[PDB]
Every structure is written in C-alpha cells, then in structure tokens.
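As a plain string of letters, each chain reads:
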Amino acid sequence: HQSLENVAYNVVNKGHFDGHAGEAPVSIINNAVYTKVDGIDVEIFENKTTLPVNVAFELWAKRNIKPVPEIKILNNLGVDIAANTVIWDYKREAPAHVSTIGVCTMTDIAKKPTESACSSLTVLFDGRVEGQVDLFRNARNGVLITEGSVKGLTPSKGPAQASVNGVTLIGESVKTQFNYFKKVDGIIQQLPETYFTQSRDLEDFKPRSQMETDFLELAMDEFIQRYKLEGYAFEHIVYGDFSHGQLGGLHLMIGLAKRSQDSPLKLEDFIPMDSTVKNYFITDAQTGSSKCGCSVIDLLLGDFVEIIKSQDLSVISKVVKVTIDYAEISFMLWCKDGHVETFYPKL
Amino acid sequence: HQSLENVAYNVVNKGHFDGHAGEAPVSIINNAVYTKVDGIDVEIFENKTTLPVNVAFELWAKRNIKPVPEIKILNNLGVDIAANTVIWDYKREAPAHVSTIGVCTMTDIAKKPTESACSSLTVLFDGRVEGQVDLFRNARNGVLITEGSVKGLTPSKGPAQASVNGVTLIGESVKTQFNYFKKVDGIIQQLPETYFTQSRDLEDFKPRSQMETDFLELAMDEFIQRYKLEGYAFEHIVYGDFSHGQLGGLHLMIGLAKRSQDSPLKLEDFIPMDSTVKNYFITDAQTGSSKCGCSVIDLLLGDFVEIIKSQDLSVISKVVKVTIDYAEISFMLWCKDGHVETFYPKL
Amino acid sequence: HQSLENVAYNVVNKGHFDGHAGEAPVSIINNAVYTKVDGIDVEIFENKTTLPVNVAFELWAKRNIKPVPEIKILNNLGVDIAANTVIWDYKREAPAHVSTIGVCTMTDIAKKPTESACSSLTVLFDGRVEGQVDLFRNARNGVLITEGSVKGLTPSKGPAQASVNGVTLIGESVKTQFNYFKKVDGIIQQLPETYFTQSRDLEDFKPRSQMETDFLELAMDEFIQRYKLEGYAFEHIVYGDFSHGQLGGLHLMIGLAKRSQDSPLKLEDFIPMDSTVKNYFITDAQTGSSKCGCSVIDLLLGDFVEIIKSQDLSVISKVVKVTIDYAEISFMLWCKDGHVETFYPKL
Amino acid sequence: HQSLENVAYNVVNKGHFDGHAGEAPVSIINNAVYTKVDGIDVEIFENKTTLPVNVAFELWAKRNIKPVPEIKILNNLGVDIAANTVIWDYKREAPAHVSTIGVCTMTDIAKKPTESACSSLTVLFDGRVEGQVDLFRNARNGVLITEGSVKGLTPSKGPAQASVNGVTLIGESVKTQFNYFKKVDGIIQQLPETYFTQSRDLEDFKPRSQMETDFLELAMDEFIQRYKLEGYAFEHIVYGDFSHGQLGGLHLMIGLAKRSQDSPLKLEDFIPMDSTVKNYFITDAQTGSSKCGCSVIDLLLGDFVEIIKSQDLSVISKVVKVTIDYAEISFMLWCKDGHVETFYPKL
Amino acid sequence: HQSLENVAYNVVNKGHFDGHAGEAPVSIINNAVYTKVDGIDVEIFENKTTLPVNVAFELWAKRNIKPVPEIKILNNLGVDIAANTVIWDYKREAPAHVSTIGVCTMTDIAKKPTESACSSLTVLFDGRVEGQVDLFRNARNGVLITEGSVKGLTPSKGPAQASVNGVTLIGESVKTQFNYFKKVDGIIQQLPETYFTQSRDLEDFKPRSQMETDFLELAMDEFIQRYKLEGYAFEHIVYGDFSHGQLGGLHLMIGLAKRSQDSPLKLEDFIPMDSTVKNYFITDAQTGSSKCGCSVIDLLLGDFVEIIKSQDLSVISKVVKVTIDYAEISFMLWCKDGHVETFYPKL
C-alpha cells in the first residue's frame, strides 16, 4: 500500500506524485493536510471531495497532468473509469470517476483493465502510454484516445482543445486534438459526426472566426444583414432580450460575451459540473432583467448558423436532434409564419 | 412538510424553489449538499449560515428573487421578519431574518402574518403580491413596500436602487424604487425626509452627477475652488490624508475611489454586514499609511455638501443628527476659528 | 486571563485588539466566530489555522499591525518567537510562530523574554517599543530590528520593503527599511552581505530599474545585445523556453511577468508559505507547455546579472552559494564550452 | 454580557455557575470545551445540543439544580419557557426550552417575565424563588409550582417524584411534591384530576404497593385469581405474549420488569425524550419474539386496575380518554363477548 | 518519519506499535481512523484528544503498556515529559504530556533526553530500560523510577499500585511498587515522607484493612466506639450527613462506598483528570440531598485516623498541611470546644 507521508513527500517536493521515496511529516485536521515546515503547519491540500481526506489527497496527487479530454466529452462517451490514471475534475476539484484501476487501493476495483470487474465498464484507454492501444483492442467496453492513427481502425477527430492541469487550451507545444475510438460489448462503434463546443468563458471570450469577430464588433442589424440572417431570431436567441423583467433568449455563449462589452452579467452556475449544455441563473446588471434556468451552449457562431439555416421552419414546434461533443442534444424549435421564434438547447 | 429531495429537484432543474414535484438524490456531508449526477457527487449548496445545512438549503432555495430593498434599509426601518418570503442576505450568504412566516416549518413562527405571534413584530409586506397591502392595513406593526401609490396613505419615496439576486442596481426593465409605508402599534408613522446612501463599491465606482465627475477628474484645489468649498475640510474628510503613519479622514466612499485611480487600498470589512455607515481597517499601499476603525459612508457628493454647508461652524465640537436610509445618523463635527476641522459618521 | 467576549468587543469596534473594556456576544460554530447584531449572526473570524478557533481568534486580534519584516526574512534569520507581539502570516492566515511571549496564556511559554524558557530561542526584538533594545542587549539569542542606529552595534541594512497589515510595500509615510542585528549564544553575529528578494507578484509586477523596464519593453535579442548578455543563457533562464511539452527555464519572477504581457500563466503554489525561493507548478496557456517543481526567485535583474556575470564558466557543473535575504542559497550552474547552459536556485 | 472564561472558572471550581468572579483558560475544539491544567487540556463539556458549543456550555452551567418537575409534566402542561432559570433535560442533554428569560443574552427573549415578549408564552414560575408567585399572579399565561399553599388559589397536588441533577426521586431531605397552578389568557384554570406515571426504569424497577410486590413475586394465574382480574386480558396486556414471532401486549412498565427477572429484553428508545407514554422497539432475548413501535406506560398497577375495571366492556372497540400527568391520554379498548381483548395507550 | 499506514499495520495485527514493517489501508474521517477489511471500513481509533487525529493515533499506538505510575503521582512530582515513551492517560484518553522525546516527529522537542531542549524539563526516566538510570544520573531535572535499589542513591518507596493498560492494580506477576528518585537543578532531592491515596472506585471498592472491613460492616456508633473515635466528627466527615437539602461532609471515598451499600449516589466528575484530591457534584438518590464542589480523597481509613488523631484541636480553624502522593495537601480543620467540627481537603 501507498503511504500518506510518502504522498506528502512527493507533493511538497514536486507538486505531485512521481514515485520518489521519502516521507514528509503531516497533520490531518479540518478536512485538510498540513505539512510541518520548521515547526509550523502549512496547508498543502484542502479536500473539496466527498471522499476521506487522505484518499482524496492521494488521488489528487496522482492527477493526470498530461493534456486530457475535457470531462464533458468523457461523460458524453460514457466513460466510467480510466486505465491506470486519475482524471481530475478541476471544476469540481474531485476525481472525475468513482472508482480507479491500478492507482489506489481504497478506490481500485482492479489492478489491470483486463480483469473481470472492468468487463462491463467503459474504460478510458490512452494511446500515449505503452500497451494501452492493445488493451483497448481486447477490451469489451472502452474508449481510446490517441495522437495519430491506429491501424485497422477508423478514427473520429476530436475537439481541438484539451485540458492541461485544468487549463483548457489548443496545444502548440503539446498535442490536444485526439482521435477517438469506442467499443461496446466487444464491437467497434462508428462514432457520429459532431460539432464541438468551444469551452470558452465569459470572462476572457476570444473569437475564432471572422463571423465571430464581426458579431462582437458590428451593430446588431448590420451583422444580421451582412450574414443574411433575417428571420432566424438572432435578436432573441443570440443577442438576447433585456427589455422585460424576465430575460429572454441569450442561449449562445458569444451573446453573453457581447453583452459583457457594455455591462456586467451575473451567472449563477447552480449545477457546477462541466457539460455540453450549461444551465445558468442570469442577471443583467444594467437593466435588472433576469432569468433562472437558462440553457447556454458555446458553439462557433458559424456552426450554430449552419444548424439553424438547415432547419425546416414550416412547423410550429418540434424537437430537433443535433450531435455535439458526441452527445445527442435536443433543441426546441418554435416557428411562426415560416420564421424562427426561438431555438434553444433542452438540457 | 417540505422535503430535502424535492428542494433539490427544484434547485438542480431551475436553480431555485418553484414548487415543482419531483426528487433528486442527495448527500449531506461537510455542511454541504451534493447531488448525484451519473454516479458522481456535485456540490449544489454550501452552508455559510449558523442554521442546520438542510434548513439553510431550503431557505436559500426559497430566496426572494424579485427586486427587493437592500438589507440596510430594512434594518434601519426595524423589519424583523418578512411575510411569506425569504429575504436572502447575499453579503452574509444567510437569511436576513431569524424567523419566517408561511415558508418553512423549522423557522416558521406562523403560517399567516395575521396571527398573534406576529402582532409585535415588524413584518415586511410587499405590495406586489396579491393581498399584502390589505394585510398591512390590518397589521399592528409593519413596513409596506409598493411600486406606486396606496389609497389613503402618504408615500415615502425610497432609494432608486434595489437588489436583484444580490446585484444592487437601478432598474430599467424592472422597478427598484419603492414607496415605503410604516405602522407602529396600529398607527401609521410619518417617515422622515432622508438622504439615501448610494451602495457603490470601491472596485467599480461610477459617478452619478457632474459634481462627482469633476471630483474624480479635477485636481484637489481646482475642485474645491470651483465648488466654493474652502474651509469645509474636504482635503482631510474627502480626499484623505496619507502623509503620516496614521491615515486621516477619508470618510466618503468617493474619496476612496479617487485614491484608487492612483494606487490600491486594502479594506478589511471586519464586521461584514450591509449598513448605512461601514467600518473599515484601511491600508494605503503607496504610502503605508493606515487606520483601523475608519467610518465610511457612500453619499452623493452633492448631498454631503448640502449636509455640511448647512452646518453652524461657530462651535468647537457637536454631535450632528442626519437622517440617512431612514436612520438617524450621528456625525461628529469639529470646528476651529469658524472652519471645519473634521466631520464624520459616528457608527 | 483574556476573555473571548472582550476580544470580540475590540474586534467589532476597532477591527483588532486595543485593550478596551467591554463584551460582545458571540457564537462559535463551524470553526468560526459569529457576533450577534440585532438578533442575526455575522461572521467576524474564520479559523484557517491548526489552533483551536478561540485561541486563533485572540492571536489574530493581537496581530502586529505596524510595519513588520516579511516572514521569509525572519525565517532565514532563525526567529523562533517574538517579544510581546504576534507576527501574523497573511499568506497562511495563521501565526508565524508556534509559541508566544506575554501575549496569550494558551500559547505563552513566558511573560517576559528575559525568562529561562526563552534562553535558547531566537527572540525577535523590536527597537520601536520601549525597552526592547536593552532586552536584546541582555538576551542570549535574538534578532533586533530598529529604524536607525544602535549605539555600540554595527547595523545590517535590511530590505526596503516590509509588510503592513499584510500589504508589502516600500514606506513613504512610514518606515519599512529596518536595521538588523543578531546574537547567538550571547555573541553578536556579523551578518553577511546580502542581496534581497523583491517580493513582487506576477499579477502587478512593476519594474524598479531601467534594466527591468528595458527587459519588459524591448525584444529579447535587442535586450541581450544592449546589456552584453550573450552566452549567459538568459533566453533559457529568464525568458523561458515554451517550445517543448516540458517548460524550460523561467527561474526569475520578471520573466514570468514578461510572458504575462502576451498570455496567461497558471501558477500552482503547492507549498504556500513565504520564502526566498518559491516552488511552482507552471502551465503556459498559449502553448500548453508545463513543468511541475519549478524554482522561481524574484531578484532585481541587475542583481541577478551581477551574480551570474561574476561566475567562472570554466567548469561543467557546480553548486554556487549566494546570500539572499540573509540565507545561503544554492544555485546549480551548468556550463558548456565556456557559456552558461542553465543557472537556477536549488530550493 | 457573560464571558466564556468566567463560565469556565465557575465550572472548574464549583461544577456549575454560581456568579463567582474569575477566569479559567479554555479551548474550543470538536464541539467541546477544554480547560488547561498544567499545560494539558481536559474536557469539561461536550455539546450534545443543536446550539453553538459556547452557548450550550453556558446554559448547562446555569442548570437548575434544585428539585424540578420532570419534563414530561412541563410539556403536558404546555410550558414554553422558564422564569430566570434553565431547565436542563438530562435525557437529551440539552435545554428543555428553546428560549430563555433573564439568563443568557444569546437565547433571552426578555430579561423579566413581565415583558410583552412573554405575554403569550406559558412561563414556568417557581414559588421557591422570591417574588415569582406574585409574577404568576399578574402573568397572562403561566404555570406555578410551590411547596405549599398559595392564598386565594386552589392547588393541584403534583406527582411525588421530581428530578434533582437528573436523578428522579421521592424526596426525604428535600421536597419533590409540588402544588401546581395554571393560568391561560389571564384566567386561572382548574386542573383536572390525574393519575401520575411513576418514572421507573426497567433496570432498577422497585414495587410501590403490595399489589406490585405480589405481581413480581406470584405466578401469573395466582396473581390474577387473587386480585379478581380474570377477563381483563392481563396475560396479554401486562405479562405480555412471547409465544409468536411478533411480541404481543406488554404495555405496562411493571410487565417488562417481571420479564427481566427471568431473562433480558432489549429496548430501543427510538424517539428519546421524556414522556408519559413511551414508544419502544422491544426484543425478547430468550424467545426472539419482537415488536417495533410498542407503547409502554409506567402506572402503579393499582391505578391501571382501576382504569380498566371501570371500563364498559359492552362494545367491540372504543377510544378511551384517561388523564395522566395532566395530559389526556387516549387508550384503545378492544373487547369480545364482554371480556377485554387488549387495552393500550395510543401515543 | 513514521507513516500512518505502518502505524495501522501494527495496530490491526498486534493492537499497538511494535516496529513491524508493513502497511494497512486506512481512511480518516470524523476525527477517527478506519481500516478496510474486505471492502468495509472498521474503526480502529477514535480521537478524544486535542491533537490532530493522525498524531493522536501514533502516540496512542506507542502507549507505554508496562506497569507505569498513576498520572496523579507524576503530576505531583512535576513530571513534564517522559524519556522515549508515551505515558497514556486512560482517564482522559490522551497523552499525559504535551511534548515527547524520541517518539514522534510532530511532538518531539528532542530525540535524546541529554539534549539542551530537555535541560529545564523534569524528565521521567525508567530504570527498567537499558541506560536510563545513567541518563538520570547526568540529567539536570528528572524523576527516576526503578524496581529495586540504585547505587549511591536513597530510595523513596512509592505506592503499591501502578497502572497496566489503564487498569490500576497491585502487581502479583508483575511489579507495580516503584522506588522514586528526583533531581532538581542537578541536585538530588530528598523526597518527603508520604501517605498514598488508594485509587479505589466507588463501583468496586474493596477494603484493605480490618479497620476498613469493620467500617463497612459495623453500625456507625459501634465502629466509632470500637476505634475510640468519638469527638473526631466521623459521623459528618466520613459517614456523611444526608439529613438536609445540602449534603454535608462525605470527604473519604470509603464513606461513599458505605452509602452505596444502602442506596445509589450520582457523582459528577466535572474536572475529569486523575488527582490526589477529587472534586465531585454529589447527589444522594434516597434522600435527594446534594452538594456541588465536594472534595473527596481516598486514603486508607487507618492513615486518615492517624492524620486527624495527631491534630491539635485547641484552635477554632487552621489550615493543616499533609503530604500525600508526594504533594502537600492543605486541609481545613475546624474545631469547637476541643472536638472536631470538620476536616477536609482544600483542592
């Protein structure tokens, strides 16, 4: 078994677990870990998890620190568990998965992914570690990620971003765009064609196309005119309606970013996990206009435009299915007189 | 009785309690509430209150999310309790009142405000909800707020700002300026004429008059000259003295904002509740000048100027009474040779 | 003995302990102290220490609020304890020392520093308080700080910065540059000649020389050219290498500040205490380049340049000793063909 | 206000609060109070209450230690609060009442019982303390207890037992049998004629009549014969039926005591408060016979015999009302063919 | 450093720390230590100390389990710390001493007792461990315990009882009667002649002389007559007075034991540490007679008789000094007309 004091040694010296021998003295108190430096206690870990403090500490210390998929993607793919690593959720500050494989004896359900206990779980395999492509080849259920091709398998090209120590970025010195492969009950799946969410924050939103730059820079009707968007309810859906007490529309992250050029918004992330569609309590500071339970998704404007411009506006209301981050996302589409009234993610 | 799991359902779906039926699974641990999403716990409430976690969770979920008076105003008016709503203090992250009326069985002292238990409490009535103006008409003690007139009653026009989900603003799509009415022992009170504090933060202070814009933009003696303010100790009181080790003056929020154009201040809010007069430990980063227990109030400069220019400077020292946010605020006035030495709120 | 309720009185009125008589009512819950204002609890202290909540509260309330040395300096000098004051660590939010002298009965090992219990401890004496220079003169082990000269003793001129209520600055209205003196086993020490770290943060880094201004403003090879720095590996050590997956170099705080002009860095302070050499997990957001356990020190560029330009580059590798903040800091120096490969602090 | 350290002084010296001046040093940790004796912490209070540890400590220290009514009696009488004392529940280890009067500033709703806040509460007045009979005479709602007569008032003679520091006994050197008086809305009530429960434990049950001694000593049918009890279902109700998997009858404490002469019972007190009718999960160790939710009451056998022998057995089933400990207790009476089937308290 | 998991291994296998290599998996939660047995957590340590759970666990595991002096004796002798062992207080369930020597790195102030840090502490040395008699010979301050003689030193014969794993007994297969020696500031002390307390509990009190057997068996005046004790107030002091509401006398443990032959007493140990004189809140169940703050000491009756029969009864009141368990115990002696009124320990 792995000791607390040896986990602590690694953490105080390297900032994470690297398998160095040694021991640092430690104090558990207040659901935290303190090490003693010249007689004084200094906090090196605070447990925000539902696990026991020492177990949480170990899993955190064994964090995967390579670029890894964002958790929304792993969830959409049905990943239950990872092979011989810990995927750390930096949003929640807890492990992304309940159990572990060959990592920690308090959470292990197995030591290798080839065991029976893993058979019906979807295991994440990582093509960057020796042997794991071959384990995937023999696994019943699993998801494999790789940097390039895999012989005998058709790749699905993933999103451009990944997460590195909780910072989600598009790698330049490091590769963040993985190929994905999936197996269910021994059978290779054909992964669907997908849009990908863009994982941008309100606070530092950056456009990634000319369309988006135009959106942020041009006035509303000049933008709508230029991109032949009249009748697609962008003024409601994208720019948002702050005219009444109840906030209307405002379903694209880029719209929130544009409001933020003029004046602040308050977003309450009431179910704070990473996901393709987010749900916010939104309050507009300038007007006082607000709305609880507002679905927001961060697509490239161009992607969103192609979704909606491909829609049949003949019908009053229908639930539209779109594949995003490998998940089937339901949209509510309301039309009147052959124009769009609203179009939003159903959560 | 209301269940925890049903409170949780409402919160995970809508971000607050709306009376929908249903249940979400939940874990109480670490003075927090976690819901289970695909086998993993995610925090949906952290209890910063002195109440039991599940009770706090329910009250929070039943937060009033309409525009509501800032808590300093309710306190100054002697509000003990609200009728069939929960006023949430976003500064403290706890209920503004100890008990409740027709809201939650663990804190209820009554189900309707007409009961005997309420008779000697000052109940907040809200003219925007059916029937409550009439309950106020029959209440012994209470405070009523309304958007417009009330027949047979003289209104007091309140402050322009209110709070919406903890964001204090001047409503454009929503009404934040209430009329106030008050009853004590069955007798309608005549509310006094008042100044109102402006509820601005150091971090995003915005002027609300030409005088204030001038103050922020002009140099000290040019501003004092222009507004005929020589002899009113503005250089001490408003601009503040950072020349000695002990910080001097600096009693108006706008003065702190002006310092902040040049260089940072650190404010320790040591008794962190909302109130008309605040009390700070202030440290000036540029000079190292500092002062514990410093009274600061946020009045419109113009209002403050009229307070002080109406003062008799004949006497060495006297306690001056000014009505602000409906409270009687004591000021210490020190004069010498018929000019002002200092003039500050007494807390 | 000192009471909790009297500590609370002082804190709610003045923001710290000043010896006023009186009592405020209080509630201990959740490792915090709440006072009752008009029937509602408001938090006035949260215990981030390993001490019992009420003891921590008292020590915090008796915080030294004059300008005081940064804790890294006191540690480097071997200060164990302070005479009749509490040095508060604002980074850790806990006392800097384990025990106390004439301050608090739960942590006191003595009431005056002249007692036997203090004999083998290095006591901090403060020349600004009546009598303490004379106590130092008779102490076995101690460190004395003063604003000016001390008769019969050679001064060591300290760093220009000190800390005032946790804000570290160079005093203009207040003196932050102390003279230091030290005694070990009754014998006055001759303190070594030292560089001093500059205690600047990444977030608000400000240059303090023309060299540093040039560094931040000029392009790399233009800066290296101008200051005749070719062959001293500044491109690695100072500007940092973000070309590979593993981040290289980047050992001077000023280098991190320059990166930050272009794009954000994430620093994980994994052992969060104040010290001369810090240790970070660094992640570059633009490239995804990262490195755990990275030593960073904040020297004036000019100081660092003189350290390294005085080095013999004849040898492949050697451990170099430099005195900084009174500590002997080990540097690893690697050379090839008579140029510098890398030069970094050894932690 | 009263200080923690002064409460502690009284407790370590006298074992409770007596108003002595002084201070003992104290540590709050783990919801407990520790005092320091020669450098080592010793626990002097553990908080089993829902109140903050320091508040609970004070109330406990101000425990009424004179003989006082058992809490079941005060509850049955509707006592909400006590005048200038704290009634401590030794079963629950918490105060018997929510608020307090002239005792502790964190729980006080008033300082004297004559105040408006007390007007609609039933206040316990204690004729043994100067002035309180007269306060009762002027109170709107209250209960008065005295050792002897009160002029102008008809007494109700209470139970023979009272509680002294949590030990319930029949006083020989001290008076435990109080006279009771009650006022509702200014009007003296006529208290009903009552039986009283006997407050005996299974573990040390002692008979208090010849009938009870006979019951414990004689064989079943010899006892039933002697007291002409055939047809009153004592074999079921009192002796209990352990023949089947579900335990039957066994509703009188004395019956449990008799079983205990032969072999052990396990009683789970699942709602552990003091009350006239208790509710137990009972398991018989000899047979394995068991029953959840079993009502048990401790009456003198003679009293119980008179209740039931005065019943009309003509009807199949009826709810019978009996006054016990001043409460109206409902009994279910089932008869067949003019004999009793069962007769038990309805909880 | 010593690891948590290795402490756990020793505890689950041997019940305490014996220096075996190995590791058991562990969970810290709720201020307790749980080990995992076949997937289920079982508690192996609950922390009743003020130390961090893992530190407390280690010290407890390193409990001295040989016969050791009762803690009252070590305290009376001024023992601050033990040499290379942990004296566990089983009454308090915590270490008897604050710091440690060569035992645990979180509490060590030294690794060997010969170090400077120990110089002014009174160290307990244990003659049963190799080398420690010689360490005592060179120590400045200390207390030595041995089974037999020590060359060149006069022994003081200790009490017959010692403690073995918290069970205090008179050894038959093991030696519990130590010789004591003491050094202060390098100088061997002559320990005074002493009585010893007998460390008996009320619950299982056993007489240790014919006098005590007579006391328990004979009637009061027959016992007083037989031992010529008239005029020494035994009826008050020893047998106790239960006639009034306030309990009188009852200062010898043997008296409490005799009451207990007739009927139960409730003792509240309000300052629950081991000491020569104890302080109880006593309640007599039969009479209801009670008394807070009652001093009780457990001497052999014969010893107590010789104390008092050697007293001069000429004076009304005087404080008498008696040496017991090496401490100077003050007694209050009150006389009238040349007989004893009362004689009791002053705490």
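Residues numbered from 1 in each chain as written, not as in the entry; some residues may be left out. Chains lettered and ligands numbered in written order. Part of a larger assembly, values for the part shown. Heavy atoms only, no water.

- For this coordinate set, the PDB header names X-ray crystallography as the determination method and states a resolution of 2.60 Å.

**Structural notes on the overall build of chain A**
Part 1 of the argument: Of regular secondary structure, chain A possesses nine helices and 21 strands.
Part 2 of the argument: Along the first, second and third principal axes, the C-alpha atoms of chain A reach 70 × 55 × 35 Å.
Part 3 of the argument: Once local pairs closer than 6 in sequence are excluded, the contacts in chain A between residues at least 24 apart make up 49%.
Part 4 of the argument: Element-wise, carbon and sulfur atoms account for 47% of the exposed surface of chain A, whose accessible area totals about 14,500 Å².
Part 5 of the argument: The average position of the 34 basic charges and that of the 45 acidic charges among the side chains of chain A differ by 4 Å. (Helix = DSSP H or I, 4+ residues; strand = E, 2+ residues; numbered from the N terminus. Contact = heavy atoms within 4.5 Å. Areas by Shrake-Rupley, 256 points an atom, 1.4 Å probe, with all protein chains shown as cover. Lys, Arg positive; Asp, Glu negative; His and termini not counted. Charge placed at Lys NZ, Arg CZ, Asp CG, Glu CD.)

**What to know about the relation of the copies chain A and chain B**
Part 1 of the argument: Laying chain A over chain B is done by rotating through 120° and shifting 0.0 Å along the axis; what remains is an RMSD of 0.0 Å. Both chain copies can therefore be described as sitting about a three-fold axis. Residue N30 of chain A, judged by its C-alpha, is the member of chain A lying nearest the rotation axis, at 5.7 Å. (Least-squares fit on C-alpha atoms.)

**Observations concerning the domain arrangement of chain A**
Part 1 of the argument: What the domain assignment lists for chain A is domain 1 (1-65), domain 2 (66-191) and domain 3 (192-347).
Part 2 of the argument: Inter-centroid distance (C-alpha atoms) of domain 1 of chain A to domain 3 of chain A is 43 Å. (Domains from an automatic or database assignment.)

**Some words on the side chain of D214 of chain A**
All names here are of chain A.
Part 1 of the argument: If you trace the backbone, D214 turns up in helix α5 (residues 210-217).
Part 2 of the argument: Residue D214 is classed as buried on the basis of its relative accessible area, which comes to 7%.
Part 3 of the argument: Among all residues touching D214, those that are not within four sequence positions of it are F223, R226 and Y227. (Buried < 20%, exposed > 50% of the residue type's maximum accessible area, 1.4 Å probe, protein only.)

**Let's talk about the pattern of salt bridges**
Part 1 of the argument: Using the criterion set out here, one finds 84 salt bridges over all chains in the structure.
Part 2 of the argument: Ionic pairing is found between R140 of chain A and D185 of chain A, a salt bridge with its closest N-O pair at 2.9 Å. Of this pair, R140 of chain A sits in the loop between α4 (132-138) and β10 (142-146) while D185 of chain A sits in the loop between β14 (179-184) and β15 (187-188), placing them 45 residues apart in sequence.
Part 3 of the argument: For the salt bridge of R226 of chain C with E222 of chain C, the shortest nitrogen-to-oxygen distance reads 3.2 Å. With a gap of four residues between them, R226 of chain C and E222 of chain C both fall in helix α6 (residues 220-226), about one helical turn apart.
Part 4 of the argument: Through salt bridges that share partners, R63 of chain A together with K266 and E268 of chain C make up one connected network. (Salt bridge = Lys/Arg side-chain N within 4 Å of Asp/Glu carboxyl O.)

**Observations concerning the nonpolar core**
Part 1 of the argument: Ranked by size, the top nonpolar core spans 64 residues in total, and within it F57 of chain C together with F57 of chain D carry the most contacts.
Part 2 of the argument: Setting aside anything within four residues of it in sequence, one finds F57 of chain D in contact with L4, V7, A8, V11, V33, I44 and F45 of chain D.
Part 3 of the argument: Within the second largest apolar cluster, 55 residues are counted, among which are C292 of chain C together with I28, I44 and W88 of chain E. (Core = buried A, V, L, I, M, F, W, Y, C linked by side-chain atoms within 4.5 Å.)

**A word on the arrangement of the chains**
Part 1 of the argument: Separating chain B from chain D is a minimum C-alpha gap of 8 Å, and the two share no contact.
Part 2 of the argument: There is a gap between chain B and chain E: no contact, and a shortest C-alpha distance of 10 Å.

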